[PDB]
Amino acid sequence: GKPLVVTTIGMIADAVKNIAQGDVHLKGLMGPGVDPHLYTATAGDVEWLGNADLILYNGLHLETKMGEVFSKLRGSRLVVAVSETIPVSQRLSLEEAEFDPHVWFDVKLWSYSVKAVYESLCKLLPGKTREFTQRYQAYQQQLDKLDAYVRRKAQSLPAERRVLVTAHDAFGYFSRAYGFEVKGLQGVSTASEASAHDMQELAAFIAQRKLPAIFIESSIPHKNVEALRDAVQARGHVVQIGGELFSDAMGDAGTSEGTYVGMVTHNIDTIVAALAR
């Protein structure tokens, strides 16, 4: 029977689906509304993993709480942190201590991680190199159009309006790639809430710059941004939750949002939409 590939964040699973297609049995460990940061492999999870022939994960310390489980299952099977194949050079850092793991927001730099997925699948199923290659190229072409679109789209938004404030610091590369003044109620990690002082500042910041909209996120308790929204309100500005954005998690399987391409299309759409005019 076909080999078991097991991935964490849906983004990888998407790359797998497009490349391996039905040539593998795929299990997306982290689904919609799932925060990889504070995610733990449940009983079933660590088991699916236990039988996986190929394990795929971000790297760049995204899935913070999986190191033990991985470093452990590594060596016994194929374990690959797809994104750590990004020339460190291109990975944004945080206080030089951290490495922004949200690289799937720079479509052009995500081609690396997708490349990793593709090449892992080939390593897993050598005989499937031809079909995993051509499909791959295709899927990349989709990425390319996607990166293009997100830039075009971003361009549709006057530089000043490109100030995006979201649930957590998960769009650094998005900012660096398509030019957006980004800010997040939570840091690059949700393993630390936002200090009252922090929300306060952000609230006024949004009220000072008068942001037409701030955004929620599928993987982080909305209760936090809506609170910022009120703090902004209590500051003389009614900011709209310009839409729910996909940070670390994708939409539901079977939906256009449930794919990298669509997930990101939803993002830029929702954002610029909620930010222009």
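Residues carry their position along the shown sequence, with the first being 1.
- Stretches 184-192 and 158-166 differ in mean CA B factor, with 184-192 having the higher one.
- For the segment pair 149-157 and 99-107, the entry gives 149-157 the higher mean B-factor, averaged over Cα atoms.
- Within the listed group 67, 251, 221, 212, the record reports its top CA B-factor for 67.
- Taking only the listed residues 125, 199, 138, 114, the entry reports the highest CA temperature factor at 199.
- Residue 236 sits in the middle third of its chain by CA B factor, as recorded in the PDB entry.
- Residue 6 sits in the lowest third of its chain by CA B factor, as recorded in the PDB entry.
- In this PDB entry, the Cα temperature factor of residue 71 sits in the top third of its chain's modelled residues, the highest group.
- When all modelled residues of the chain are sorted by CA temperature factor, residue 205 is found within the middle third.
- The entry lists a Cα temperature factor for residue 178 that places it in the highest third of the chain's modelled residues.
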